Amino acid sequence: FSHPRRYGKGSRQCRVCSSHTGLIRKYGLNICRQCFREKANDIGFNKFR
Amino acid sequence: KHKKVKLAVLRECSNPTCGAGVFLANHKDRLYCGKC
Amino acid sequence: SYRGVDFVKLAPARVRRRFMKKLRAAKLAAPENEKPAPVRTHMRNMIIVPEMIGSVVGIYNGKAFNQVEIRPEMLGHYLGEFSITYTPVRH
Amino acid sequence: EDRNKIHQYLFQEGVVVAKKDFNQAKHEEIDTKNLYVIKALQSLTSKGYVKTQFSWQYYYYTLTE
Amino acid sequence: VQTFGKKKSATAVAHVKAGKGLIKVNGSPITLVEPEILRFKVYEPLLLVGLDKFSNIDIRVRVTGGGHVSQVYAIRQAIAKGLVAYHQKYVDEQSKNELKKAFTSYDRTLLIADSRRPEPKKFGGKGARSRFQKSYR
Amino acid sequence: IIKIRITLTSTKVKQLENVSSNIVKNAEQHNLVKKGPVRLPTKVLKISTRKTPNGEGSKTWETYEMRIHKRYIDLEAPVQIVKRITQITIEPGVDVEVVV
Amino acid sequence: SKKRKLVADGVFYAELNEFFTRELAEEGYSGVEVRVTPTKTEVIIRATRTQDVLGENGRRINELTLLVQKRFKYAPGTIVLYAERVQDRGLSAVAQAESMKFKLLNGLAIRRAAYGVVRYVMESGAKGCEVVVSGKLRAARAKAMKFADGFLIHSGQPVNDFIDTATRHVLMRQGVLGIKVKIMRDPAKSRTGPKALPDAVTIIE
RNA sequence: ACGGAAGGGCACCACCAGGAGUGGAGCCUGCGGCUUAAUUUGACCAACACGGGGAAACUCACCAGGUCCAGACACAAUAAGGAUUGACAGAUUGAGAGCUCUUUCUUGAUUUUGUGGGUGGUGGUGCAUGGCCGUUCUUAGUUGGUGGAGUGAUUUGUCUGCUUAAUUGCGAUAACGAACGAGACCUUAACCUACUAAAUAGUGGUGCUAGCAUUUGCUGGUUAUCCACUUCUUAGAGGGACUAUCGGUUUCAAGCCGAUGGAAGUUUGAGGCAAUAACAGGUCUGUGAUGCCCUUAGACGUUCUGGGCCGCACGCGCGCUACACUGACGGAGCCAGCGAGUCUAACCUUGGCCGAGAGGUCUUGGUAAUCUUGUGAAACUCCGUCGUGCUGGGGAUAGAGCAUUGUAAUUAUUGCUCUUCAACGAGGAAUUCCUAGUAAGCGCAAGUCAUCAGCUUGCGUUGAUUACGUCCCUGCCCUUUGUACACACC
Ligand SMILES: [Mg+2]
Ligand SMILES: [Mg+2]
Ligand SMILES: [Mg+2]
Ligand SMILES: [Mg+2]
Ligand SMILES: [Zn+2]
Ligand SMILES: [Zn+2]
C-alpha cells in the first residue's frame, strides 16, 4: 500500500496546506510559496527593499 | 468478492501463545495453522 | 557470444552497479523443439543475464504485453529496450 | 482493545493530537495506528463527546460534557 | 600612520612609518604589482611628488577584496593618502597642503575614494537596468 | 568564580540592545571584568518568491527579509552573579545562551 | 542551528496564531504573545473577553494548554498559557473582523454590520476605519462595498507603524464573503514607537 | 471615450546618437500543430525558462491494468452457541497480492446487507465567489463637508501663467477649509583618523622562531605566546546634505543654470510601500477558502505496477554555444561579493591516501564573523604553440568504456575518457533592452534539488560607445475642441 517516498516532491509537503508543489524548503520552513506569502509576517519575514 | 462461506457449526503446534484453539487445517502436509 | 565468452564481472558499469524465477519453471515444463510459454512481466528495468536466454517474455510497455524471445545478443540490455512504449508517429 | 486504548488515552489525558498521516503506523503517544486514532475520534465526533479542529493537518480533539 | 584606499570593494591598508624608502604592496616591491600595464598607476603617487624624495618613510600595503584593477587603484590611493597623512601628522601642514595640491590637481582618485558602487539588480532582467527580451506574438 | 559567555540572538534590535546594556550595567555595578559586547553581524535571511499564486502576469518577484542580529558578552562572575544575570534578562524576543 | 531555530520559532508562532484563530473565534481572540523563559514558555492569549478561554475555573485554558503541549511536543509543565483582556479592544482589527463575521453569519444586513464596526472603531479612539465587504452581496454579481470613517494612510512605513488589517472569509449559503477591516490608531496615543506622522511638525513658542 | 484636431508637458516597456544584440546556424526550453493508449492541464502589451512547471518512481492531475474504504453517524435483518476479520501452500496475477479460486483454519459484535445521511475529489464552473496577483497606470491622479453655478445629469473647489519628477509649488481665484495619492516615510549603498566594543575581525611591539642578508634589516611562523590599539572589519548610538556658499537668470516668486567646497549636489544612487475607480485579466491545479453542479465502492476518493507528460512532416517565443588572431589551446600569474550548511544524522566538507579523470576511501572542522572559505570564481594578465585554411574556430550527431545519485538511469539523469567533428564564413523582412559602475562580457552563491541548468533570484569582477534632446514613430498626463461613439473607433 506504499512505495518509497524518501526523496523528491512526494517526500515532503507544505506544513500548512499539504501541497507538494511550490514548496519553500529554505531554513526548513517547508511551507508552500503561497502559504508563506499568506503568513510571512507571522513568521517574521518582512519587506524592506 | 470475498464471501466468507458461513463455516457452519463445528491439534497443537509450536508458538505456545496459541491457547488450545489453533486446530490446524488438513488438506495435505498442512502443518500451518490459521494464526500463522 | 559475450565479451570474451555470476556473469556480471565482465559487464559494463551500469549492470554491475545494479548488483522471475518462474522463467525456468516455464522453460522445462514444456516439450522441447519449441519455444517456452511466454512469461509476462512489468519489470522493464530488468537486465537480461545469460540465464534467461532462449525464453519468451511478454514485456509490459504500459499496455498490450509485447512478445519477445531472448537471444544471445540481448545480454547486458534492459528488458524495456525491446518493448516500445509509444507508437511511431509517421511524419 | 483496538478502540479501548484510544478511549483510555482520550479520557485519562483529556485531549488528543493526531497528525493527518493516514499511513503512519505508530501514533506518537497512543500505541495504535494513526488511522485508527483518526477514525475512532471521527466516530467520537458530533455523534457525541468530542470537538475537533484541524489547524494545519493535526486534528486537535477535545472532550465535552 | 595607517591609511586605506578603496575603489569598488578592494581595500588596501597602508602603513607609513619611519624608515628608509621601502615600498611594499603585498610583501613584494612596488615593481611587482603585476597588472604589467597598470604598474605606472601605482608609481603615479610617487613620480608626482618626488621621484626618490624619501630616505625617511617606509610604506607597506596590504590589499584584499576587489579585482586586479580595483586593487591597483586601491593601493595607489592608499599610499598617497598615507603619505599625505604622514606629512600632516609629523612633518608639517605646509608640506602636506603643497603635495596635496599636486595629487588633487592630477587627481585620478588618489585622495578621494570613488563613490561608484554596483547598483542592485532588479527582477525581470539580468543587470540593474537591462531587461529580458520582450516579445508580442 | 567562573568564565562565562552570554550569547544573545534576536530580530528585535531594541530588545537586544536593551538586554546587552542591562548585562553591561549589571557587570559594571559589581566591577567585574568583561570583554565588551561583540556584535555578530546581521544574518539577513532573504527569501525571494513570486507574488502571484499562479503563473499569470508580469513576472514580479518579492523578497522578504528576517534580520538576525547577534551579541556575545563574556566575563567572570561567581555562581550567584551567573544565576542572577541569567535570571535578570528575560526580555521577550531575545534568545540567551550562557556557556561556561 | 540559530537561523533555522529563529525561523522555526516564527513558524511555531504562526501555528499557534492560526490554531487560536480557529479555536477561539467565538472568544474574541486577538493575538498570541510568546515569551520563552528559561524555566518555561508562556503563551498569552489576548482576547476581548477572557472568561470563555478560561472556561470552568480554568478548564478551557487547561485543555488548550494540554493540546498545545501534546501537539508541539513539550514537556508537562514546560509550556503554560495565560489570557489577557485586550485594552481598548475596539482598536483590534482581528477582533472587529471576527465580530463582523459573526454578525454576518448569524444573519444581519451587510451595511448594518459594516457601519456598526466602523462606528465602534471610530468611537474607540481610532483616527480612521475602513470595512470592505467583497463577494455576492446580492444575487450573482459579487460586488464590493466600502465603508470608511475618518482618515486612512496607504503608502509608507506608517502603514506598518499604525495600521491594523484583518481579512476573514464568511460562509453563507451563496459563496464566500471577504471581510477586510483596516483600523488606523491615533499615533498620539501610541505608547510605543513614533508618536506622530512623519510629515507632522509641532512647533512651540 | 475617441479623433489621420489644436495647444502644453512627458517616457529608451518611444524615437533620436549609439551599444549589445534577437530574427539566420546547432542545441536547450516553453507554446501551437501532428501523433499517441495517454502524449494531463491552465494561460494566447497584460500567454509562449510562466504556473516558482529543471516531471525516471512520487509530484500526477493523462493512459493500460490491480487493491483498499480512510462509506462518520441514525434505523432494520444478518447476529449475541458466530455479523464479520485475516490467512501460509498452490491455480490466477507484473506482483512474495489470499484480488478471486483449490481450502479449512483463525479472529470476534470492532463490521456486513438495505435506507437515509455523510466524507473525499488537481472533477466542472475564475462568466457564481473569497483571498492573492497582474494590468489599466510609472503615470499624477482621486474624493467628500459647507458655500457658489446649473430645472438636471453635472460643475467649481481640483485653475490662466510660470515651475516641479509630481494636483510639486509660486501664485491666481466662487470658493473656503480638508482627506487620500506625490512627497514625507522605511530598507539598503556611499563617508565618519568622531564615541562604545571586539583569539568568532584585524593591526602593530615584544616573546618563541625556519630562511635571506649579518649593524640588525626583509618576508615569512608561532589558533591559549606576550602587551597595546581600533586605521581596515563588524554594528549599536549618532553626525553628515539642507541643492550649502558664491555668481547669473529669473514677470514680484516658486525655481533653474554654472563654479567652488564637499564622500555625497539626478528626488545623492537603488529599491520597499504605494490612492480612487475598474477588468467578466489569471488563479476552483496553493489552501481543511468556497457556493452550485457532477461523482462517491467496476469511484472522478485513495493506493500499487507499468507507461506518458520528453513522443516529430512543421511554425513561433525566451535562451545557451559559436562563426574566431581584440582568438583557440597550453603552461604560469592567482583578485571578489551576495550566501548556505547535519543532533535524530548524514548537511557544507578542509586534510591525508588511491585513481588519468569522474570519483573512491580514512579522518577532520563547523549548528557557523569560528569550519567548508581568503569559496586561490571566470572573464582577465604574462609567456609560448597555432597562422588564417571550416583551421589547432565550432562542438551538434553518434560509438565504445569508467563512475556517481537513486528501489529503479532503457527513451542515453548527470559526470568522466577516447573516438566521429554536422550546421554555422556575423544572419532577409522585421524586432528587443539599455544613459554610468550603467550597457556588454565574466563567473559565483541561493531557489527548485536524491541526481539533473542552457532557468530565475541576487552577488560581485572587467567595464565602453553614445545622449544630456525631442514629440517624428509607439504610447501617457492636463487643457481646449468636434462627435451621429457609451459594447465607448476593435
Ligand atoms: Mg512614497
Ligand atoms: Mg472636477
Ligand atoms: Mg511540459
Ligand atoms: Mg473603423
Ligand atoms: Zn502551502
Ligand atoms: Zn500460533
Side-chain angles (χ1 to χ4, degrees), chain A residues 1 3-5 7-10 17 19-22 26 32-35 47-49, chain B residues 1 4 23-25 27 32-36, chain C residues 12-14 40-45 60-63 78 80-81 85-87 89 91, chain D residues 2-3 22 35 39 42-43 45 47 54, chain E residues 2-4 9 11 13 27 34-36 65-69 71 112-113 115-121 123 128-131 133-136, chain F residues 17 35-41 48 50-59 61, chain G residues 1-2 134-136 140 142 151 154-159 167 169 174-178 198-199:
Chain A
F1 199 68
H3 121 290
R5 298 167 153 80
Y7 46 76
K9 262 138 189 316
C17 64
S19 148
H20 295 294
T21 75
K26 201 179 189 196
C32 216
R33 73 182 179 81
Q34 298 93 354
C35 301
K47 282 191 281 138
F48 301 100
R49 186 197 51 114
Chain B
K1 277 88 65 174
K4 191 32 166 36
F23 306 94
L24 276 54
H27 319 148
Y32 296 141
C33 72
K35 297 302 221 37
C36 201
Chain C
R14 175 64 56 173
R40 327 216 292 193
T41 181
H42 282 194
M43 287 180 311
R44 310 174 37 89
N45 68 340
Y60 203 60
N61 61 354
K63 64 161 216 198
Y78 279 95
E81 272 164 62
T85 68
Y86 58 91
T87 313
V89 181
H91 264 150
Chain D
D2 266 343
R3 339 188 55 69
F22 308 177
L35 179 71
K39 182 183 35 177
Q42 194 196 136
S43 269
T45 41
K47 193 244 306 196
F54 205 55
Chain E
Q2 283 129 299
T3 50
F4 66 95
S9 181
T11 317
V13 183
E34 199 59 280
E36 195 76 46
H68 304 316
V69 183
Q71 286 192 332
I112 317 278
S115 43
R116 293 184 286 175
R117 275 329 183 285
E119 152 176 341
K121 178 236 184 196
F123 58 88
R129 290 161 191 209
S130 167
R131 308 283 88 197
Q133 173 145 312
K134 169 188 224 157
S135 42
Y136 300 85
Chain F
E17 292 317 83
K35 176 158 82 183
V38 188
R39 306 186 146 91
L40 304 321
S48 319
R50 181 91 176 273
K51 302 236 257 195
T52 165
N54 42 308
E56 185 254 308
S58 285
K59 280 72 179 287
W61 287 84
Chain G
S1 178
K2 206 93 70 215
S134 313
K136 326 209 276 172
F151 315 142
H154 297 89
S155 90
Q157 173 65 26
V159 153
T167 295
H169 305 289
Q174 35 76 35
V176 183
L177 258 64
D199 68 64

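Proteins come first, then strands; the chains are lettered A, B, ... in the order of their sequence lines, and each starts at number 1.
With a cut-off of 3.5 Å on both Watson-Crick or G-U wobble distances, the partner of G52(H) is given as none. In this structure, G96(H) forms no base pair with any nucleotide, since neither Watson-Crick nor G-U wobble geometry is met with both distances under 3.5 Å.
For the criterion of Watson-Crick or G-U wobble pairing, both bonds shorter than 3.5 Å, the nucleotides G144(H) and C226(H) do not count as partners. Nucleotides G265(H) and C242(H) meet the pairing criterion: a Watson-Crick or G-U wobble pair with both donor-acceptor distances under 3.5 Å. Remark: the bases of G317(H) and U29(H) meet in a Watson-Crick or G-U wobble pair, both edge contacts within less than 3.5 Å. A canonical Watson-Crick or G-U wobble pair links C424(H) to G393(H), with each of its two hydrogen-bond distances shorter than 3.5 Å. Entry note: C252(H) and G269(H) fail the pairing test, Watson-Crick or G-U wobble at under 3.5 angstrom for both distances. Remark: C320(H) pairs with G26(H), satisfying the Watson-Crick or G-U wobble criterion at under 3.5 Å for both atom pairs.
In this structure, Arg33(A) contributes its side chain and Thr52(F) its backbone to a donor-acceptor pair below 3.5 Å. Not a single donor-acceptor pair under 3.5 Å links the side chain of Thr85(C) to the backbone N or O of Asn61(C). At least one donor-acceptor pair closer than 3.5 Å links the side chain of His20(A) to the backbone N or O of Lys9(A). A donor-acceptor pair under 3.5 Å links the side-chain atoms of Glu81(C) to the main chain of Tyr78(C), judged by distance alone.
Within the structure, every side-chain polar atom (N or O) of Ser155(G) is placed at least 4.0 Å from both OP1 and OP2 of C185(H). Remark: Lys9(A) is in phosphate contact with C449(H), judged by side-chain N or O atoms under 4.0 Å from OP1 or OP2. One finds a side-chain N or O of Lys121(E) lying less than 4.0 angstrom from the OP1 or OP2 phosphate oxygen of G458(H). For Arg5(A), a side-chain nitrogen or oxygen approaches OP1 or OP2 of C304(H) to under 4.0 Å.
Distance, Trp61(F) CH2 to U456(H) P: 10 Å, rounded to whole Å. One can place NZ of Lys4(B) at 13 Å from P of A87(H), the figure rounded to the nearest angstrom. Between the OH atom of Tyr32(B) and the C1' atom of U104(H) there is a distance of 16 Å, rounded to whole Å. The interatomic distance linking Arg129(E) (CZ) with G271(H) (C1') rounds to 12 Å, in whole Å. Straight-line distance from the NE2 atom of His68(E) to the P atom of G443(H): 15 Å, rounded to whole Å. Atom pair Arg14(C):CZ and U404(H):P shows a separation of 9 Å (rounding to whole Å applied). Across the protein-nucleic acid pair, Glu36(E) atom CD and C335(H) atom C1' stand 17 Å apart, rounded to whole Å. One interatomic measurement links the two molecules: NZ of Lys63(C) to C1' of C62(H), which rounds to 13 Å at whole-angstrom precision.
The two residues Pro120(E) and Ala128(E) come nearest to each other via the heavy atoms O-CB, 3.5 Å.
For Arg14(C), there are no salt bridge (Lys or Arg N to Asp or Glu O under 4.0 Å) partners, not counting sequence neighbours.
If you check every strand for non-hydrogen atoms under 4.0 Å, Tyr60(C) touches a base. Across all strands, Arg131(E) comes closer than 4.0 Å only to sugar-phosphate atoms, never to a base (heavy-atom distances). If you check every strand for non-hydrogen atoms under 4.0 Å, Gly8(A) touches a base.
Stacking between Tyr78(C) and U410(H) is shown: the ring centroid lies under 5.5 Å from the centre of the six-membered base ring, and the planes differ by under 30°. Applying the 5.5 angstrom centroid cut-off and the 30 degree plane-angle cut-off, the aromatic ring of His42(C) is not stacked upon the base of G306(H). Here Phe54(D) lies parallel enough and close enough to stack on the base of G288(H), with planes under 30° and ring centres under 5.5 Å apart.
Here the side chain of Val38(F) is nearest to one of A198(H), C273(H), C433(H), namely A198(H).
Nucleotides of RNA chain H nearest to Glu119(E) and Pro41(F) differ in position, and the one nearer the 5' end is that of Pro41(F). Checking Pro37(F) against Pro158(G), the closest nucleotide of RNA chain H that is more toward the 5' end is the one next to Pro158(G).
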Heavy-atom contacts, protein to nucleotides 16-32 of chain H, under 4.0 Å, summarised as B (base), S (sugar-phosphate only) or - (none) per nt, yield -----BS----------
Which letters describe nucleotides 127-138 of chain H, given B = protein heavy atom under 4.0 Å from base, S = only from sugar-phosphate, - = neither?
-BSBBBSSS---
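Base stacking between strand neighbours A64(H) and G65(H) is detected by the criterion of six-membered ring centres within less than 5.5 Å and interplanar angle below 30°.
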